[PDB]
Each structure stands twice: as structure tokens, then as C-alpha cells.
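Given next, in C-alpha cells, is a single chain: the form deposited in one PDB entry.
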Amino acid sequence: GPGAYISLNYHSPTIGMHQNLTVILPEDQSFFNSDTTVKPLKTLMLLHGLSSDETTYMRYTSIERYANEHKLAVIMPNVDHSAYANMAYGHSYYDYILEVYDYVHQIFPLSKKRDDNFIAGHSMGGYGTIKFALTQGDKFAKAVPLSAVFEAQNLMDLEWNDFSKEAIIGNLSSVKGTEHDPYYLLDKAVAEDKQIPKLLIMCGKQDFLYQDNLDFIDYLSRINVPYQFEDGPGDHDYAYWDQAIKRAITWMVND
């Protein structure tokens, strides 16, 4: 039924500034009883897309209703225009996510088991999710990119309002074959026999990264990595991602 909506602001030693962070914490009966041990909750790291921040998932979906139904803690950080990268000219936003994961597991009643921790996100956050799935596999059991960018050149060459490509990648004019390419990180993951989280890849059929998503899931089957692809009517809007994260949260908590 109920839960806590928590808004944090702390000085980050990683990115060197105060930063906002919002956390959904569903209510457990352990939390109100002083004589019982706390039961740790499953936790979702939820990554916003470009132009969004730590507030927009709460504002534009009804995710806390979905999270309280399945008693899932949700962590929503803010990474600005970074594409979740340790930026060449800017903040160390790849490392910031591992700091956010470490902090809220130390301070909130969250379970540190691999089988209890998930990660998801949309657009840039979906591209962020597939980066951490392929590079931080022992931290997360399942990963759900929604309408992700899988060929990062489409995100880097995107002409978005005040978006700075050179701030992330520096003087490089291609991201193919580097730590920004999910195809390279996928190749390195199968090469080193690294744990890949359980993949649920969601994208609306009328999205523009739909064909971007079709290329990625086909590449996954050619290298024998299991996934689950759910399509259907949808565009690149919070109307899709509201319904998508509702089915996504139900998918991750039941196994």
C-alpha cells in the first residue's frame, strides 16, 4: 500500500558538488517496530533520459504507486547531459552512479544481494543502463532499457538544445570501439565471460530508436546472449514509459 517519497541532497565526493537525489522507499512493518530486525528491500537504480533529472519520473509517471505495490525501493539520480559517462570536460558521472548505489545501500534498508538489485532507464538512461549492465554485472541481476540508444553515435550526433558532445567524449569524432559504444562493451563482456544481467528490452514500435533497438537485439541473438523484447504501440513519450516501467517493475520483482 503506502511508502515514503524521499528527496536527498548531499555533497558528492565524486562529482565535487551538492546534488539532488530522489528515492522511493516502500513501507515495511519492520520499519515501524523497534524490536524487530529490518527486512532489506529490493532496489532499482532508475536512470533518467536527456533533458530530464531526478524529479521527472515522479512527475510524469506514477511509479511510486507501482513500486509500493511490489515493495521495490527505487533510486533516481541526476546526471545532467553526461550520458552516464566519466566526462572528458565535466563531471565523473559514470563513477557517480556507483557512488549513489554505494551510499543508499549503506544508509537505507536496501539489500546488497545481487539477486535483489536491478537497474533500468529510458533513452539516454537506457543507453546508460546497457553500459552498467555490461560493465557492472555483479551489482545487478536484471536490467531493463526502455527505448534505449544502442548505437551511441546517434546520441552523440544528436542536435539537442544546449547538448554538448565534446564535453562527454573530448576531441574524439567517433565512439565506435570505445567505452561509450555498447556494442564494444557487449563484445568485451562475452570475451571475458562476464555476468550479463537478465535483459528486458522495451521499445515502442513508433519510436525512432525502434530500429536502433531491433539492431541490438538481433546482435544479442547472434552472440548467444538471452534477452526478452517487448514491443507494441508506443512513441518516445512518458505515456509509453509510464506503462512500460509498470510492466518492467512487475517483471523484475517476480523472480
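Think of the rigid core as the biggest set of C-alphas that the two forms share within 1.5 Å after superposition. A residue's number is simply how far along the shown sequence it sits, counting from 1.
Participant: Once you work out the mean C-alpha B-factor for both 41-49 and 189-197 from the entry, which is higher?
Facilitator: Looking at the recorded C-alpha B-factors, 189-197 comes out higher on average.
Participant: Using the B-factors recorded in the PDB entry, average over the C-alpha atoms of 72-80 and of 173-181, then report which stretch comes out higher.
Facilitator: Comparing averages over the C-alpha atoms only gives 173-181.
Participant: What third of its chain, lowest, middle or highest, does the C-alpha temperature factor of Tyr57 fall into?
Facilitator: Answer is lowest: the recorded C-alpha B-factor places it there.
Participant: Lowest, middle or highest third: where is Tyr219 by C-alpha B factor in its chain?
Facilitator: CA B-factor rank for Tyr219: highest third.
Participant: In terms of the chain's CA B-factor thirds, is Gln136 lowest, middle or highest?
Facilitator: As the PDB entry reports it, the C-alpha B-factor of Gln136 lands in the middle third of its chain.
Participant: Where does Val253 sit by CA temperature factor within its chain: lowest, middle or highest third?
Facilitator: Highest third, going by the recorded CA B-factors of the chain.
Participant: So where's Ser92 on the chain's Cα temperature factor ranking, which third?
Facilitator: Within its chain, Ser92 is a lowest-third residue by C-alpha B-factor, going by the deposited values.
Quick note: we don't show the form deposited in another entry, though the next part is all about it.
Participant: So which one of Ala141, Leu185, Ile169, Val104 actually moves, Cα shift of 2 Å or more between this form and the one not shown once the core is superposed?
Facilitator: Only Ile169 moves by 2 Å or more at its C-alpha.
Participant: With a threshold of 2 Å on the C-alpha, tell me if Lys71 counts as moved between this form and the one not shown once the core is superposed.
Facilitator: No, because once the rigid core is superposed, the C-alpha of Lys71 moves less than 2 Å between this form and the one not shown.
Participant: Superposed on the rigid core, does the Cα of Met87 end up 2 angstroms or more away between this form and the one not shown?
Facilitator: Yes, the C-alpha moves 2 Å or more.
Participant: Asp157: after superposing the rigid core, is there a C-alpha shift of 2 Å or more between this form and the one not shown?
Facilitator: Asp157 C-alpha, core-superposed: shift of 2 Å or more.
Participant: Can you tell whether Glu159 sits closer to or farther from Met58 in the other form than it does here, judged by CA atoms, where the change is 3 Å or more?
Facilitator: Compared with the form shown here, the C-alpha atoms of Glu159 and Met58 sit closer together in the other form, by 3 Å or more.
Participant: Do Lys194 and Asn86 move together or apart in the other form, judged by C-alpha distance changing 3 Å or more?
Facilitator: It is farther: in the other form, the C-alpha atoms of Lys194 and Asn86 lie at least 3 Å more apart than they do here.
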